[PDB]
Every structure is written in structure tokens, then in C-alpha cells.
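Data first, discussion second: the structure below is written as C-alpha cells.
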Amino acid sequence: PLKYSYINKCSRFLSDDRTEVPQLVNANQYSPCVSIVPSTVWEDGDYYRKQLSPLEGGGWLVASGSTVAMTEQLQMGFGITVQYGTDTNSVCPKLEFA
Amino acid sequence: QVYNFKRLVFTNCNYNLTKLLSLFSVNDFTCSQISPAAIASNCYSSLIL
Amino acid sequence: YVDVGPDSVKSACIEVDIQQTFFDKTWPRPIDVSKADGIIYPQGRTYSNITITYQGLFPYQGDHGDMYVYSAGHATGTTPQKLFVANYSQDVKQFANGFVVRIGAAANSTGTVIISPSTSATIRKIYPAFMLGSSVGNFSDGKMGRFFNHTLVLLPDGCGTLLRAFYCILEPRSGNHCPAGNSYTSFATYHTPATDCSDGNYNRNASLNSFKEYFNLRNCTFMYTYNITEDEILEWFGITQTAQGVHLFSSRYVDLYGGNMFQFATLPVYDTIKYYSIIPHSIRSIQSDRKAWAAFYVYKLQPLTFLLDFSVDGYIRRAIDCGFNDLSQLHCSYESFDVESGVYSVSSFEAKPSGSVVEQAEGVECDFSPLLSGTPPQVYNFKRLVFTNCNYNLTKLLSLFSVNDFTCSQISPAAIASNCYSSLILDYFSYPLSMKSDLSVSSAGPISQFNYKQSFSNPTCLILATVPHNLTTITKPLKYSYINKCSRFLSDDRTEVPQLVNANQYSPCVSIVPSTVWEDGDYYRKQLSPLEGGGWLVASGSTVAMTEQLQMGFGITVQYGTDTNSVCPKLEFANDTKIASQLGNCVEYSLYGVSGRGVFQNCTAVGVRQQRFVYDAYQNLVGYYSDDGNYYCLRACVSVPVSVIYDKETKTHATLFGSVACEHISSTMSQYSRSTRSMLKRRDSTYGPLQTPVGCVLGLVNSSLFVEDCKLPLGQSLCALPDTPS
Numbered sequence: 494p495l496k497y498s499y500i501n502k503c504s505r506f507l508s509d510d511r512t513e514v515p516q517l518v519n520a521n522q523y524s525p526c527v528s529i530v531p532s533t534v535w536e537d538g539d540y541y542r543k544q545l546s547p548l549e550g551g552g553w554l555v556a557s558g559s560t561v562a563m564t565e566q567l568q569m570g571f572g573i574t575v576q577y578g579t580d581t582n583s584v585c586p587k588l589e590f591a
Numbered sequence: 395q396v397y398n399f400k401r402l403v404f405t406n407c408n409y410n411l412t413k414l415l416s417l418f419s420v421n422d423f424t425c426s427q428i429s430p431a432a433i434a435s436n437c438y439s440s441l442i443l
Numbered sequence: 018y019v020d021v022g023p024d025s026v027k028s029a030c031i032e033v034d035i036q037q038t039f040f041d042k043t044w045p046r047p048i049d050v051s052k053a054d055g056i057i058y059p060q061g062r063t064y065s066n067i068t069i070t071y072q073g074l075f076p077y078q079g080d081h082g083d084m085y086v087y088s089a090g091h092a093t094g095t096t097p098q099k100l101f102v103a104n105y106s107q108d109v110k111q112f113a114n115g116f117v118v119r120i121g122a123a124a125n126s127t128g129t130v131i132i133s134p135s136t137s138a139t140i141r142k143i144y145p146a147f148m149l150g151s152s153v154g155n156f157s158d159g160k161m162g163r164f165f166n167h168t169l170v171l172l173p174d175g176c177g178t179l180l181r182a183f184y185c186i187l188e189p190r191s192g193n194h195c196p197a198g199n200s201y202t203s204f205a206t207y208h209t210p211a212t213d214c215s216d217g218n219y220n221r222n223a224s225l226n227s228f229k230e231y232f233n234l235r236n237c238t239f240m241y242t243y244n245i246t247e248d249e250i251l252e253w254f255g256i257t258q259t260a261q262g263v264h265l266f267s268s269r270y271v272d273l274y275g276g277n278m279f280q281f282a283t284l285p286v287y288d289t290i291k292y293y294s295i296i297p298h299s300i301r302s303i304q305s306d307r308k309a310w311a312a313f314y315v316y317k318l319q320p321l322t323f324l325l326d327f328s329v330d331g332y333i334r335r336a337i338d339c340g341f342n343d344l345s346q347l348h349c350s351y352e353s354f355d356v357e358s359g360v361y362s363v364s365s366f367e368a369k370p371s372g373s374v375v376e377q378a379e380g381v382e383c384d385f386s387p388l389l390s391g392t393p394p395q396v397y398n399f400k401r402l403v404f405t406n407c408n409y410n411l412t413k414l415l416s417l418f419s420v421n422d423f424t425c426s427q428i429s430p431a432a433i434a435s436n437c438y439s440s441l442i443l444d445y446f447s448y449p450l451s452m453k454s455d456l457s458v459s460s461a462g463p464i465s466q467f468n469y470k471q472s473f474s475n476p477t478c479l480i481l482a483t484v485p486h487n488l489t490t491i492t493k494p495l496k497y498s499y500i501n502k503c504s505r506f507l508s509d510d511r512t513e514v515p516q517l518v519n520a521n522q523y524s525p526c527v528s529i530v531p532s533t534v535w536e537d538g539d540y541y542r543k544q545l546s547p548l549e550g551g552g553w554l555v556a557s558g559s560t561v562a563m564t565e566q567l568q569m570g571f572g573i574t575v576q577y578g579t580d581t582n583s584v585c586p587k588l589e590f591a592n593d594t595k596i597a598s599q600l601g602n603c604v605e606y607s608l609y610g611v612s613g614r615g616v617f618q619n620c621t622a623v624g625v626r627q628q629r630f631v632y633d634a635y636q637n638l639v640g641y642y643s644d645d646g647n648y649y650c651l652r653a654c655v656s657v658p659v660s661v662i663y664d665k666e667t668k669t670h671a672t673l674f675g676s677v678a679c680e681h682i683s684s685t686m687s688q689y690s691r692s693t694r695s696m697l698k699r700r701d702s703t704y705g706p707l708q709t710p711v712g713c714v715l716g717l718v719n720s721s722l723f724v725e726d727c728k729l730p731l732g733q734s735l736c737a738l739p740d741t742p743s
């Protein structure tokens, strides 16, 4: 990546300009704020906004982010989850039945 | 980026995760609610990465 | 990306006319839960003929569904004509944990054409088309239902034997009657039987190509297809979504006759669906060859639990929605479809909510009265009032002057009045309207240069206004004045350094200039001490003639607390219903942070007075002294216990509301204890409440007979009787 980046804020402003609604990410779901945030954060502490649709009652989407310097070797992470079942268990370790 | 995740759903297929382990140096391995050996040996309705 | 094939070459489309008044029909189809209608089979397991409880997503038993009817388009003579369709493209719904549908329920029967219904054509099964996605919005002509980024498309192609699924980005077309064009009305799709579906060559791409005529495919990431065969029998289909992706269900592959749904397929897309719509479609057949189409239904899934009557072949043949009525609740408590006769308790009515009652300290106000008397200061001499922790109404404050300039920076002028802040600060001074061109934080004028400035670190405002003839305590300066120079001569008596006024601060030159400037162009000088580095303070000023009514200017700044915003525009029920007290039913409340739901009443007073909250040994709020000096008592809110009478021989029932008495009992309740009260209306639609010594009942009848043992005795001498033998 040109820089490693992350969103360090995700909330929506209330339409009355006095309060704000936080938006923590839901498990196994993209944060709603991704719709406004750029594929990378151009500068540390950048923030973005989008007006909410009238179907949402108005107010503004808000998000902000931060970056980390690129490194000699790429660094990455993984998340693993599994799902239990009975006759749906077709994912398996390679097997030998000899 | 941390808000852009790629996902792979795995069904109907066979695996050997140690082949994947050879491809990277692991600097952090932690599994919740399951031993790491077991998750490698367990068979599942799905595997998600 | 996926090889969907080429874009149709023409940008042109067939015009879509909305004919929606033709499609109003009343043909409801409530779920027959005892036939297992709409039941999705459990995942991955099967069972014996033993009845078991189960939890999963299912439709409510009482839902009649949403109905949609597909129809032929306009045609005349021997040829096609511009389309006549329903307004279904605008029906966006929020997604709500999936849905199920009925297809072919009206097969092997007759109806009408709908769009030209006088022909009375027979009706046949048709497969539905749908669009799903994470966002919706306006089309460029303001039309409803445009979707964004990638969406699901569920489209049958040609005859009902071919089905396709897509995940792609739609692109609008600029052609006549198409989505980027300004001749667009609404999106629709079509099929043409004249060349489509030949018996030696079914047209596999037919409906997709008519879809392509309104939207270009771009960036497509999935396509799938399925094989179906024709069958006039009714089918069930549906959708769910999980973190493993979207799943598809049908009764067709496994249970053609019983109708139980099974998970036919799954999809790789796990992107959240927030919205749902149905795509309108039409037949392009010749006017005398048109055929009417069968009714189609939609029901939404819910997190319910059910009894399921498995067959020895594992099909669910019967089911009980536990929450649909209290008889169904009784069945779920015994896990069976045949509960023994008896009198049984059922859950109580919750009573009902009522609007809130709140009491808190009032009269905050904000010291703003100094502005109404004496002579206001010259603009360089402006006076400031700081306000924290207090209540205000600036729009009331500003009705004391006619405002000839209401502007602000980094806040709208309306918003600063309604916004709460950690502090509110007001500056005021006399100011002629003739100088108004020079009053801005950005102004080039001498007022911004030397007299008054506001920081750009806080929202600020500037107000010009004049005094009403009824503010006689306000008085005016002999002339309006301002400083038009402020600099210090450098100690070498040739170099000079200007002193522009500091934000939110008096100019240094105010120390030499008189409280008013006696004449235009007056100037003053002050020698400076060696501690100052020497030099001379120098300043000058200018004036404007006094006027019939005083003219004034104001400055406002605010600080928003991160969590310290104690200054707010609180009003004492201005423009409000006045919920200081209600007397009243079960109104929810907040008394200085004490809260709950309950009823207050005007009763005697017990001590100790001024403790406000009266409690019992269990710390229950017994009652309350209000700020009106009256003691009210709090009784919370009574609920209504209910029990039912179940006669297993006749398979009928009746209900006892007991102690509630028939004075609160009515044909319908606004309480409530269960999903429906229609279980009693089965007979109660023709009867009123019956008050008894034990308590009000429904469906009981006054027979005044004498019976030794009715088995279903209600206690006392008030036993009810079952009907006679068949």
C-alpha cells in the first residue's frame, strides 16, 4: 500500500447541529462510513463527510482516519472464523482414506 | 486497508494450512475458543478467511 | 470480470406508461400455519414423527402478504404498442431479515386480464423479478428507486425454465425513455412471445436483453444460472442473508407436494442488503392473444418459535406460531397439538404507555438585561457579558431591536441561537448604520482594523440593530465614534508600527482616546516609558452624527464544550403541551432524574415535606411533592391478569379477565398481551362483555342453568358450561 491506513472515527452528525451519533462497526460487517472514505487516507487526521439522505432523517455522515508508514516488507493480518454444521460440512483438511 | 476487507468463503474443498504458513513469517498467532491445532484439523460447513 | 456478453446496440427504449389504478385488487392470502404454509425446513437435520419446538426465521400466521400482479403490455390489432404497467418499480422496502413468496397459487383457475379485464382470460403461473442492494436514491428525473454500487438481480429469462442471478454495477442509458435520458418515466422489463420461447428454440437470453436495453452492464462480478422445469403446482421460494452470504430456498427441488422450503442454493455475496424492490415486467403479445397472469404474494420473515409436526417422512405437515394467540401459547407450553381440557392461565396485559411527565429546575435565564439601559459604548469601548450554565432565548432578546444586519462566521445566524454551548458571550456598543459596510470580521474598514475584532477560533456573529421608540431607558452618545488610527511611533521618531486590534480585545489606543470622539479627525499622543522601548502612542478617530433612534452593533461569540455545553436555549414549555403534571393514567416520568412509568394522583400529604420523594420499606416511590407544593401519590400502573377456558371436546374456548371488570374491557384493546384478540372474536364479534362476580368474561352466555359438575369450573358458584355432544 502507499501507506497503511485506517478509520479512527465513524459517527453521524445529528441534523440539529448540537449532537452526534457514534457508529461502532458491527461484527462481520463493513462500517457504514466506508461509503465516504477514500481507498487510502491521503493525510493523517483527514476527515470526510456526506450528507445523509432524507430517508435517514438528514444529518451528516462523518469519518476520519490515520496512516502508518510503508515498510520494507509488507505486513498483513488475517481473520479466521469457521462454521459448524452437519451435512453441510464439505470443507475439510485434505484426507486420505487408505 | 483495515476498512476494505477481502473475504473468501470456502465450501466443498480440501486444505492444508501449513502450506500457507510456509508462505509468510507469522508474528502473531492467537485463537479464541479453539486450539489452533484443532482448527487446522477440524472439518467444517464453512471456512472463512 | 464476468462474461455477460455485449451491450445491446440501440440506446432507445420502449416507453413505459403507468396504469396502476387497473391493478387494485383485493385477494388476500393469510398463512395457513396448520398446513405448514411458509415453513422453512431446519438446516442440515431431519426428524422422526415426534413433534418438537423450533426457533428460526418465519412469517407471522396472520399476515395476508403483499400482492403484486404482472400483466400484458399494450398492443393493438396484430402488433405491440408502448407499455402499460403497474407502479411497482417505486415500491422500495427496507430489507428485514429476508422474505418468502408464493408463486402459482391461482393456477388452474380463471380471472381477468387486469389491464383490459373485460376479456376475462384464464390465469397462469409467472415467475417474479427482483432487485436488492445497500443503497437507494433518486434517478436524474427525480424518480424513485435508483440503486447504487453493485446490486443483486433476480431475473428469470425467456420461459420459466431458465433462471439467472447477477451481481453487477448498472449503468444508465441516455436514449429516449431510458434512465439517464430526460424522457424517462419508469424502468420496466419485457418478454415477447412472438419470437421468444419457440418450442424448438427457447430464447435463453430474452429477458436479459430487454433488461440491457435500459441499463448497460459494467464491472460485473457474478453471474449464475439454474434449470427449472414447468409445473402448474404452487411453489414456495425465498431468501435469507448470513455472514456466509445470501441463501436461496425453494420447495421445488425437494418437496413438490408438501411445499416445505429447502435451501436450494447459496450465493458468495455477503454484502449487506439494506433495501428491497420488485421489478415490473410485461408481455408483448398480440392484443387478442393476451393471457392473464396468476396473483403473486410476499411475506416477511421474523425471529419466532414454533411447534413443528414432523411426518414420519420428515415433512413438516402442521405448525404452531407460538405468539399468534394465547391458545397457540398454551400449545407451545405443552409442546403438543392436543392440550387436555381445563382452565389455564395466560400472560397478562401489559396495560399501556402514556405520554411523559417531567419536572426539573427552571428559570435558568441569562444575564442580558444591562443592554437595555444607559448609553452603549463606542465600538472601541465595547462592553462584554460572559454567560455559563444558564438558560436563554436570544431570539426573544433580539426582538427588542429592529435588526438591520444578522450575520455570522462558521455558524449560521439561526443555528447559533438554537445551539447549546459551554459559554455564550455578548459584546455590545453603539454603532451607526452608516458604518455598516465596515463591520465584518473580514472587513477592510477602520472598524475591523482598530475598533473591534473577533477570533476565528470560535463561531462568531455580528449584529446591527436599532432601538425601538419604547426602549426609553436607552440613551445615546452625542455622536457615534470610532478610532480610525492606532499605531506607535518607534523610539527613533521616524519608524512607525501600526497596531491592528487584537481579536476579542480592546485596542491599546483606547487608553489614550476619550470615551467618545469629540470631533471627527481628533487625535492624541502619549509618550511611552523606556520599559516600552520608548516611542509614542498615537491615535485618531472619526464620528457620525447622532440619530433619532439609537443605532447599535453587537458581537457574539460562543464556545462549544466537548461535554461542558451548559448554556442552552431552554424554554419553560414555550410552544409546548406543558407536561409539568398529568392526572392522568400511567404516564412515564422523570423527576429530577427519578424515572419510571406510573400514575400520579392528588391525595393528602404526609411528612417529611421538602424531601420530595416518598418511599416505602422496599424503596418504592410511594409518592411525590411537586414544585406546585402539592403531594401526589404514585401507584405505578396496574396490569390485567387473564385466564382462558379450553374445551377440547368442542375445540372451543372462552376468556376470563377476572378482576379487571368490564369497564375497561372493550371489543378491541390498546394494551396488549398477544398478537391478536381475534381468537375471541370468532364468537365475540357478536357479543358484548359479561360482568360476573368473579369477573368480566367473553363468549360465556347467561344460561342460568344448574349443573353439579361442569369439569371446567371457574370456582365459586360461577361455573361455565361446555356445549352439548355432537
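Residue numbers (the authors' numbering), protein chains in the order written: chain H, 494 to 591; chain V, 395 to 443; chain L, 18 to 743.
Don't be surprised by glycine CBs; every beta carbon is placed ideally from N, CA and C.
Exercise. Does residue 403 (chain V) have its Cβ less than 8 Å from a Cβ in chain L?
Worked result: On the second sequence, residue 403 (chain V) is found 9 positions in, with the first residue counted as 1. Yes - at least one Cβ of chain L is within 8 Å of the one on residue 403 (chain V).
Problem set entry | 8 Å Cβ cut-off: residues of chain H touching residue 289 (chain L) | As a position in the third sequence, residue 289 (chain L) is number 272, starting the count at 1. Under the 8 Å cutoff, chain H gives 522 and 523.
Problem set entry | CA nearest to the CA of residue 585 (chain H), picked from V:427, V:406 and V:432 | As a working note, residue 585 (chain H) is residue 92 in the first sequence. If we check each option's Cα against that of residue 585 (chain H), V:406 comes out closest.
Exercise. Beta carbon of residue 645 (chain L), beta carbon of residue 639 (chain L): below 8 Å?
Worked result: Looking up residue 645 (chain L) in the third sequence gives position 628. Looking up residue 639 (chain L) in the third sequence gives position 622. No, the pair does not count as a contact, with Cβ atoms beyond the cut-off.
Problem set entry | Option in L:461, L:355, L:683 and L:718 with minimal Cα separation from residue 665 (chain L) | Stepping through the third sequence from its first residue, residue 665 (chain L) is reached at position 648. Of the listed residues, the one whose Cα sits closest to residue 665 (chain L) is L:355.
Problem set entry | Validate contact between the stretch 304-318 of chain L and the stretch 273-290 of chain L using beta carbons, cut 8 Å, 3 pairs | no
Exercise. Residues of chain V with CB under 9 Å from residue 576 (chain H), in chain order?
Worked result: Residue numbering aside, residue 576 (chain H) sits at position 83 when the first sequence is read from its first letter. Simply 438, 439, 440, 441 and 442.
For this session: Starting from the Cα of residue 164 (chain L), find the closest Cα among L:186, L:177, L:715 and L:182 and give me that residue.
Result: Stepping through the third sequence from its first residue, residue 164 (chain L) is reached at position 147. Per the Cα distances, L:186.
Exercise. Looking only at C-alpha atoms, which of L:622, L:357 and L:642 sits nearest to residue 629 (chain L)?
Worked result: On the third sequence, residue 629 (chain L) is found 612 positions in, with the first residue counted as 1. Here the closest residue by C-alpha is L:642.
For this session: Taking residue 582 (chain H) as the query, report the chain V residues whose CB atoms sit under 7 Å from its CB, ordered along the chain.
Result: Against the first sequence, residue 582 (chain H) aligns to sequence position 89. Going along chain V in sequence order, the residues near residue 582 (chain H) (Cβ under 7 Å) are 437, 438 and 439.
Problem set entry | Where the stretch 257-270 of chain L meets chain H: residues whose CB sits under 8 Å from a CB there | 260 and 261
Exercise. Since residue 609 (chain L) and residue 376 (chain L) are thought to touch, with beta carbons under 8 Å apart, how far apart are those beta carbons, to the nearest angstrom?
Worked result: Translated into positions along the third sequence, residue 609 (chain L) becomes position 592. Translated into positions along the third sequence, residue 376 (chain L) becomes position 359. Their Cβ separation, rounded to whole angstroms, is 7 Å, which keeps residue 609 (chain L) and residue 376 (chain L) in contact under 8 Å.
For this session: Counting only runs of 3+ residues fully inside the stretch 541-597 of chain L, write out the beta strand (DSSP E) ranges in chain order.
Result: 553-562 and 568-576
For this session: Could you tell me the boundaries of the beta strand (DSSP E) in which residue 37 (chain L) lies?
Result: Residue mapping note: residue 37 (chain L) aligns to position 20 of the third sequence, counting from 1. Where residue 37 (chain L) is concerned, there is no enclosing beta strand (DSSP E), given that its DSSP letter is neither H nor E.
Problem set entry | Residues of its chain near residue 221 (chain L), where Cβ-Cβ distance is below 8 Å and the 5 sequence neighbours each way are ignored | Position 204 of the third sequence, counted from the first residue, corresponds to residue 221 (chain L). Once the five neighbours on either side are set aside, the close Cβ partners of residue 221 (chain L) are 174, 175 and 179.
Exercise. In this structure, what does DSSP give as the bridge partners for residue 504 (chain L)?
Worked result: Here residue 504 (chain L) refers to the residue found at position 487 of the third sequence. Answer is L:515 and L:555, bridged to residue 504 (chain L).
For this session: Give the DSSP bridge partners of residue 258 (chain L), in chain order.
Result: In the third sequence, counting from the first residue as 1, residue 258 (chain L) sits at position 241. Paired residues: L:263.
For this session: Mind listing the chain H neighbours of residue 691 (chain L)? Cutoff is C-beta to C-beta under 7 Å, in chain order.
Result: Locating residue 691 (chain L) in the third sequence gives position 674, counting from the first residue. The contacting residues do not exist; residue 691 (chain L) stays about 32 Å from chain H at best.
Problem set entry | Proximity winner among L:321, L:426, L:505 and L:743, relative to residue 346 (chain L) (alpha-carbon distances) | By 1-based counting over the third sequence, the position of residue 346 (chain L) is 329. Measuring from the Cα of residue 346 (chain L), the nearest candidate turns out to be L:321.
Problem set entry | Residue environment, residue 535 (chain H), which counts as buried when at least 16 other CB atoms sit within 10 Å | Locating residue 535 (chain H) in the first sequence gives position 42, where the first residue counts as 1. So residue 535 (chain H) ends up on the exposed side.
Problem set entry | Separation of residue 522 (chain L) from residue 501 (chain L), as counted between CA atoms | Here the question's residue 501 (chain L) lines up with position 484 in the third sequence. Here the question's residue 522 (chain L) lines up with position 505 in the third sequence. Spanning the two alpha carbons is a distance of roughly 16 Å.
For this session: Look at the alpha carbon of residue 516 (chain H) and the alpha carbon of residue 504 (chain H), and state the distance between them as a whole number of angstroms.
Result: Position 23 of the first sequence, counted from the first residue, corresponds to residue 516 (chain H). Position 11 of the first sequence, counted from the first residue, corresponds to residue 504 (chain H). If you take the alpha carbons of residue 516 (chain H) and residue 504 (chain H), they lie about 5 Å apart.
Exercise. Per DSSP, residue 375 (chain L) is paired with what?
Worked result: Taking the first residue of the third sequence as position 1, residue 375 (chain L) is located at position 358. In the DSSP output, where bridge partners are listed per residue, residue 375 (chain L) has L:607.
For this session: Whole angstroms is fine: what's the gap from residue 218 (chain L)'s alpha carbon to residue 247 (chain L)'s?
Result: For the purposes of this step, residue 218 (chain L) is identified with residue 201 of the third sequence, where counting begins at 1. For the purposes of this step, residue 247 (chain L) is identified with residue 230 of the third sequence, where counting begins at 1. Near 16 Å, if we compare the C-alpha coordinates of residue 247 (chain L) and residue 218 (chain L).
Exercise. Start and end of the alpha helix (DSSP H) containing residue 142 (chain L)?
Worked result: By one-based count along the third sequence, residue 142 (chain L) stands at place 125. Careful: residue 142 (chain L) lies outside any alpha helix (DSSP H) and carries neither H nor E.
For this session: Return the residue from the list L:87, L:481 and L:726 that minimises the CA-CA distance to residue 456 (chain L).
Result: Here residue 456 (chain L) is taken as the residue at index 439 of the third sequence, counted from 1. Out of L:87, L:481 and L:726, L:481 has the C-alpha closest to the C-alpha of residue 456 (chain L).
For this session: Go ahead and pull the three-state DSSP assignment for residue 647 (chain L).
Result: For this step, residue 647 (chain L) is matched to residue 630 along the third sequence. Looking at residue 647 (chain L) - three-state DSSP - the assignment turns out to be coil, as it is neither helix nor strand.
For this session: Leaving out five residues on either side along the sequence, give the residues of the same chain with a beta carbon under 6 Å from the beta carbon of residue 636 (chain L).
Result: Here residue 636 (chain L) refers to the residue found at position 619 when the third sequence is read from its first residue. Counting only Cβ-Cβ distances below 6 Å, and skipping sequence neighbours, we find nothing.
Exercise. Candidates L:260, L:153 and L:215: which alpha carbon is nearest residue 547 (chain H)'s?
Worked result: Indexing the first sequence from 1 puts residue 547 (chain H) at position 54. Checking every option, the nearest Cα to that of residue 547 (chain H) belongs to L:153.
Exercise. Of all the residues that make up the stretch 282-307 of chain L, which are near chain V by a beta-carbon distance shorter than 9 Å?
Worked result: 283, 285 and 287
Exercise. From residue 233 (chain L) to residue 189 (chain L), what does the alpha carbon distance come to, in whole angstroms?
Worked result: Taking the first residue of the third sequence as position 1, residue 233 (chain L) is located at position 216. Taking the first residue of the third sequence as position 1, residue 189 (chain L) is located at position 172. Each residue's Cα considered, the two are about 6 Å apart.
For this session: Determine the DSSP secondary structure at residue 228 (chain L), reduced to helix, strand or coil.
Result: Position 211 of the third sequence, counted from the first residue, corresponds to residue 228 (chain L). In this structure, residue 228 (chain L) counts as helix in the three-state DSSP scheme.
Exercise. So residue 431 (chain L) is in the alpha helix (DSSP H); what residue range does that whole segment cover?
Worked result: Within the third sequence, residue 431 (chain L) is the residue found at index 414, counting from 1. Run containing residue 431 (chain L): 430-435, per the alpha helix (DSSP H) assignment.
For this session: Give the residues of chain H in contact with residue 434 (chain V), contact being defined as C-beta atoms less than 9 Å apart.
Result: The residue you call residue 434 (chain V) lines up with position 40 of the second sequence. Within 9 Å Cβ-Cβ: 586.
Exercise. Got a sec? Which residues, its chain only, sit under 7 Å from residue 654 (chain L) by beta carbon, not counting five neighbours each side?
Worked result: For this step, residue 654 (chain L) is matched to residue 637 along the third sequence. If we look at residue 654 (chain L) and ignore the five residues flanking it on each side, its Cβ neighbours are 368, 603, 614, 615 and 616.
Exercise. Using CA coordinates, which residue listed in L:56, L:30, L:102 and L:21 is at the minimum distance from residue 40 (chain L)?
Worked result: Reading the third sequence from its first residue, position 23 is the one you call residue 40 (chain L). Of L:56, L:30, L:102 and L:21, the residue nearest in Cα terms is L:102.
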